[PDB]
């Protein structure tokens, strides 16, 4: 620690650490896994353009990570969730994704993903307190 000190980093110091990690990762990985990074989004709309559902994800390394999937509560049993999942999966295959990764807390219907062919490869117990987190994967 001579002539050095540890302290809280600033926002740019923070993005600097991130950029360095990304930089190292990419120096190791070769072109075969370097899919152009993309963010995809789908929504279910009303005739009036009203939205009661949607799903968003990010693609890279030739895999799709589903970040968020929503369906308005008033229509939760109407099956829009499955449609959205099928649709984005189709997009993922067309882009060359080899798999899909996502996680779901116990209060976000992990069973819904199981019904769609996702396999649980990991679980984080009592997180948040009184609940649990489930990690899923589906090979395409």
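Positions refer to the first chain, counted from 1.
Of the two segments examined, 70-78 and 89-97, it is 70-78 that shows the higher average Cα temperature factor in the deposited entry. Per the PDB record, of the two stretches 35-43 and 98-106, 35-43 carries the greater mean B-factor over its C-alpha atoms. Within the selection 11, 119, 18, 131, the deposited Cα B-factor values reach their highest point at 11. Ranked by Cα temperature factor within the chain, residue 64 sits in the lowest third according to the deposited record. The deposited CA B-factor of residue 55 belongs to the middle third of values across its chain. Looking at the C-alpha B-factors along this chain, the one for residue 30 belongs to the lowest third.
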